[PDB]
J.: 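Sharing a structure below in structure tokens format, with a few things to ask.
Read the numbers this way: they start at 1 and go in the same order the structure lists the ligands and their atoms. Chain A is the first sequence line, chain B the second, and so forth, proteins listed ahead of strands; every chain is numbered from 1. Atoms considered below: every heavy atom in the structure, side chains included; atoms not considered: hydrogens, waters and symmetry mates.
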Amino acid sequence: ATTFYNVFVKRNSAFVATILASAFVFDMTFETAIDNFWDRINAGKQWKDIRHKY
Amino acid sequence: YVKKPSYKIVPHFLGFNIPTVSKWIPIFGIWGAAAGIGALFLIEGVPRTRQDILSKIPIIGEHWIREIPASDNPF
Amino acid sequence: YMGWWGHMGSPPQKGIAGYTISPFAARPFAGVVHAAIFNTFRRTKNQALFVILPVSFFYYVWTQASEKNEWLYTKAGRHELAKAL
Amino acid sequence: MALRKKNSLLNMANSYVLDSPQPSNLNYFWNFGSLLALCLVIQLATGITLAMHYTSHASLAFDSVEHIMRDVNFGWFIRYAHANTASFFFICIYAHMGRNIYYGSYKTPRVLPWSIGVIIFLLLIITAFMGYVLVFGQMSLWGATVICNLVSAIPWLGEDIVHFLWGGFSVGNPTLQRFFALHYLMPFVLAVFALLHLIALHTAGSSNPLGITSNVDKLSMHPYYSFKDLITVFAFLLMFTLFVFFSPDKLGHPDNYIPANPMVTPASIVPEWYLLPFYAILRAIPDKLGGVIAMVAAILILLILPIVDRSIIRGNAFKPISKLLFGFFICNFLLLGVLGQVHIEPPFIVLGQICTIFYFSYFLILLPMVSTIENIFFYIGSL
Amino acid sequence: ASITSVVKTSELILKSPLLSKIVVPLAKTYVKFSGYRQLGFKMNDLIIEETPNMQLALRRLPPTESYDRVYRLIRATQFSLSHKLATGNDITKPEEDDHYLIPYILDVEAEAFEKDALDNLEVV
Amino acid sequence: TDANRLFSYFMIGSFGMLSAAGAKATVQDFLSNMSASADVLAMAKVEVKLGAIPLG
Ligand code: HEM
Ligand code: HEM
Ligand SMILES: CCCCCCCCCCCCO[C@@H]1O[C@H](CO)[C@@H](O[C@H]2O[C@H](CO)[C@@H](O)[C@H](O)[C@H]2O)[C@H](O)[C@H]1O
Ligand SMILES: CCCCCCCCCCCCO[C@@H]1O[C@H](CO)[C@@H](O[C@H]2O[C@H](CO)[C@@H](O)[C@H](O)[C@H]2O)[C@H](O)[C@H]1O
Ligand SMILES: CCCCCCCCCCC1=C(C)C(=O)C(OC)=C(OC)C1=O
């Protein structure tokens, strides 16, 4: 906790760098997660689900 | 016995000297990283960024290699 | 570096008496003819070189350049144009 | 206490236009500030009026400008007023910048109003450039094309940015509609920065032609400068009248009365006269990116005047050598202007390069040297 | 540029016989063409004063010198706005063009520059 | 304790992180309006004859 504070939080330059890197990771993973979830709740309804017939 | 105090003047300019600035060099580094991550994040959507930078990153880079099927593309 | 009326930031003033007269008491155009002729001549004479020298130099440069350019695109200037390109 | 001082709103007006303490010796070159405010007001009035009659769609734009000329009551006047005032705006802004450079208005403690001023100048250029495109004549289209391709010089992303600014693969309808929206907006941004540079100036007050403090001898802005400003307002309106009513097309290009044609490129594409010196500087550098950098640097270099001027004295009134150098600098800036509209031919190619070097060497070499030497001459000369 | 700089460089020139032989006559003509004396100014009246250092130097002027400077500034401002020149006794004669302020600013700057040096001292 | 402060910086940091990700999404989606609209992208093909075109 001391270690974590000292590395990522104490210097604002480090804190802002950590926040932005986290935002980048969140953005990419959240995109993928929502995509999969949306496809499951709307299964068989989307073009991607019927495309194979054509 | 000591006749005079022992000191020199370090080079300085606009009130900065090398001992001080050298302590801040790492901080500029991290700010540079923050600006780099931030900038890259801002242009992540730009197709050239994906094509030239992001898709080349090992393992992770396949996140940005996505093709529209030719059947689904009017253009 | 500037204050306001009453505390403008002037060093202390002392020993100066100022006098003037009303706009209605004065002739606004008093000495206008003398000013228009003699004052303007003096002021112009004293500044003339600072205008004349740069204007005349750059006009000469332009004149030479434009005359050469005109000449290069005549029949007579064919050969000199060919070298220039 | 008087209401004009007591009430906070009235007091802000009072502090700028009435009780504002001014030097008692401002000469007529201090009148360009109010002329610039006048141009801005005329442009807002005429511009908003033209917007009520103009159509930004590429299929109708050129025709909507003809409709303004031919059908709208006094539309010809409003159009010519708008077009000519854009030129007068640049005459006044060059005069104002000339005044500032000659009298050392950029020196401490006025670095901030000067630096904001440099941004105002960039905003005026962008405003005027976008407005010119709106006519969608031949000069409009090609002007946009060439200038919006200076962004292609930016490495890597440059071409992508160009297509982003066009909203397609060439200057077309998307570009015209976006330039309309931004042309409408930019003058408001410009007015805000104009207000900011005045607020920044109010901490030191106006400089004056002698370059000394005026704290010893102040005059109210009203009535003295109010009535002195009227003289130049009427002199301006006389010049305005002669162009607008008697020669409305003298400052323009006939090719802008031809509708935009993406196929045919006009014989000679030059910018509006007031951009010509920057275009000459760009031509001087053979490299694309080089040329763009130089052209932008030619404006941004104004920001270093506070540093490179080493004088212990503000302004040129008492500096004979600085006055000569200033004269050469100004005339060179006019020669660059002229060279911006000649053909790319001998011997104007090399001349443009020499004039470009002189332009930059003023800031980087001559002014620092001359100002150093004059310092020494004042001291030794008065011993 | 600092007054200190200007003064030091001037002293290097005045030392060199060759240099002074060629610079001093030029400086005297420069001053004649400058024409500040024709508005009744002394050279030192023209120095930029909107700086902490110069405000401090002006506060240290003797009251009489200070009152006279105020008058010369007001008088010159009146000549300026009228587009007239000084005549007669209002013209600054070369013998009246005394460096009344230079000593004060050199002292203010001496301290300011020593302070900057000593702010950067390193115990050896 | 460091643990005590670290917790509150985790909350502040998370908030900064979602605000950063949300701003990036907002900016990217919003500015994309300025990229070529669907109709512009539809223009893409032209056939030209060659029989009519003389040599030189
Ligand atoms: C819309 C354009 C502008 C307007 C309306 C405007 C207006 C004014 C006004 C009213 C003043 C005070 C009176 C005067 O000295 O003339 C002034 C002063 C000043 N302006 Fe501007 N200005 C504009 C553009 C610029 C630009 C482009 C610059 C600089 C590059 C600039 C720099 C200054 C400076 C330094 C002063 C203080 C000069 C002094 O009194 O010594 N302005 N401006
Ligand atoms: C600093 C202020 C302004 C400047 C320098 C400026 C400059 C210009 C220029 C150079 C043109 C091309 C004129 C032509 O040759 O026909 C133009 C056109 C136009 N401007 Fe502005 N403008 C300004 C403010 C405004 C404002 C506030 C509006 C409000 C909408 C506006 C609306 C227009 C319109 C509709 C046109 C196209 C019609 C036409 O060409 O006359 N302008 N402007
Ligand atoms: C002021 C900062 C300046 C720098 C910022 C640059 C922004 C300019 C435009 C950003 C680039 C847009 O680039 C593009 O964005 C859209 C919008 O999310 C993305 O589009 C993606 O999400 C959208 C919804 O959000 C879906 O409809 C689409 O199926 C999906 O592909 C693309 O994957 C990306 O290629
Ligand atoms: C130019 C068009 C006229 C509209 C006014 C322009 C709008 C900008 C005004 C807002 C900016 C704040 O403006 C600020 O106001 C206060 C009071 O009003 C001024 O304050 C000044 O005048 C008042 C009395 O007149 C004194 O108390 C004060 O000592 C003095 O500094 C500031 O010098 C000015 O910088
Ligand atoms: C810092 C620079 C501010 C923006 C300046 C843009 C306006 C002048 C640009 C020059 C120009 C270029 C480069 C140019 O190449 C061109 O020639 C065809 C012109 O006519 C359209 C131009 O106007």
J.: Quick one: are D:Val118 and D:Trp114 in side-chain contact, heavy atoms under 4.5 Å?
T.: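 Result yes, sub-4.5 Å side-chain heavy-atom pair found.
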J.: Do D:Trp273 and D:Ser87 have side-chain N/O donor and acceptor atoms under 3.5 Å apart?
T.: yes
J.: Going by heavy-atom distance to atom 7 (C) of ligand 4, choose the closest among D:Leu195, D:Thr203, D:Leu10, D:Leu9.
T.: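 The residue whose heavy atom sits nearest atom 7 (C) of ligand 4 is D:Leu195.
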J.: Could you establish whether D:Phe188 and ligand 2 come within less than 4.0 Å of each other, counting only heavy atoms on the residue side?
T.: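 False for this residue.
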J.: If the cut-off is 4.0 Å to any non-hydrogen atom of D:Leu282, which atoms of ligand 5 fall inside it?
T.: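 So the answer, numbered in order with elements, is 13 (C).
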J.: State whether any protein heavy atom lies less than 4.0 Å from atom 27 (O) of ligand 4.
T.: no
J.: Would D:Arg79 count as a polar contact of ligand 2, with the cut-off being nitrogen or oxygen pairs under 3.5 Å?
T.: yes
J.: Closest non-hydrogen protein atom to atom 10 (C) of ligand 2, residue and atom name please, with distance?
T.: D:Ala86 CB, 3.6 Å
J.: Measure the spacing between CG of D:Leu275 and CD of D:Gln341 and express it to the nearest 0.5 Å.
T.: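 D:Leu275 CG to D:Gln341 CD: 13.5 Å, rounded to 0.5 Å.
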J.: Heavy atom to atom 11 (C) of ligand 5, shortest distance: which of D:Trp142, D:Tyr274, D:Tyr279, D:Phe129 holds it?
T.: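 The option holding the nearest heavy atom is D:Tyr279.
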J.: Quick one: nearest non-hydrogen protein atom to atom 12 (C) of ligand 2, plus distance?
T.: D:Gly131 O, 3.4 Å
J.: Less than 3.5 Å between some nitrogen or oxygen of D:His183 and one of ligand 2, yes or no?
T.: yes
J.: Are any non-hydrogen side-chain atoms of D:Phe360 and D:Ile281 less than 4.5 angstrom apart?
T.: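 Side-chain contact under 4.5 Å: yes.
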J.: Name the orientation class of the two ring planes belonging to C:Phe58 and D:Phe358 (parallel below 30°, tilted from 30 to 60°, perpendicular beyond 60°).
T.: tilted
J.: Evaluate side chain to side chain contact (heavy atoms under 4.5 Å, CB included) for D:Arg110 paired with D:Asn100, printing each intermediate quantity in order.
T.: CA-CA 10 Å; D:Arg110 294 177 186 89; D:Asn100 298 334; over 6 Å; no
J.: Which ligand 2 atoms does D:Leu44 reach within 4.0 Å, using its non-hydrogen atoms?
T.: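 Listed by number with element, the hits are 27 (C).
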J.: Judged on heavy-atom distance to atom 25 (O) of ligand 4, which of D:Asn11, D:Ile199, D:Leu201, D:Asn7 sits nearest?
T.: D:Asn11
J.: Which of the listed options, D:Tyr80, D:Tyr257, D:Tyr184, holds the heavy atom that is closest to atom 30 (C) of ligand 2?
T.: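 Nearest heavy atom to atom 30 (C) of ligand 2 lies in D:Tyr184.
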J.: Which atom pair, heavy atoms only, marks the closest approach of D:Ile101 to D:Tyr106?
T.: O-CE2, 3.6 Å
J.: Between D:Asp19 and D:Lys5, does at least one N-O distance fall below 4.0 Å, as a salt bridge requires?
T.: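 The answer is no: the pair does not qualify as a salt bridge.
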J.: My understanding is that we take every heavy atom of each candidate and find the minimum distance to atom 15 (O) of ligand 2. Doing that for D:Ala194, D:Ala83, D:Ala128, which one comes out nearest?
T.: D:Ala83
J.: Under 3.5 Å between any N/O of D:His82 and any N/O of ligand 2: does that happen in this structure?
T.: yes
J.: Could you establish whether D:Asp19 and ligand 4 come within less than 4.0 Å of each other, counting only heavy atoms on the residue side?
T.: no
J.: Would you call D:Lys5 a ligand 4 contact, heavy-atom distance under 4.0 Å?
T.: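 Under 4.0 Å: no for D:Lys5.
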J.: Run the numbers for me: atoms of ligand 5, each under 4.0 Å from some heavy atom of D:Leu150, listed by number.
T.: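 Heavy-atom distances to D:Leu150 below 4.0 Å select 13 (C).
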J.: State the atoms of ligand 5, each with its element, that fall below the 4.0 Å cut-off from a heavy-atom position in D:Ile269.
T.: 17 (O), 18 (C), 21 (C)
J.: Just need the protein heavy atom nearest to atom 36 (C) of ligand 2, so name the residue and atom and give the distance.
T.: D:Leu134 CD1, 3.7 Å
J.: Under 4.0 Å from any heavy atom of D:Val146, which atoms of ligand 5 are there?
T.: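 With D:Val146 as reference, the close atoms of ligand 5 come out as 12 (C), 14 (C), 15 (O), 16 (C), 17 (O), 18 (C), 19 (C), 21 (C).
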J.: Of the non-hydrogen atoms in D:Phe243 and D:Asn84, which two are nearest, and what is the gap between them?
T.: CB-OD1, 4.0 Å
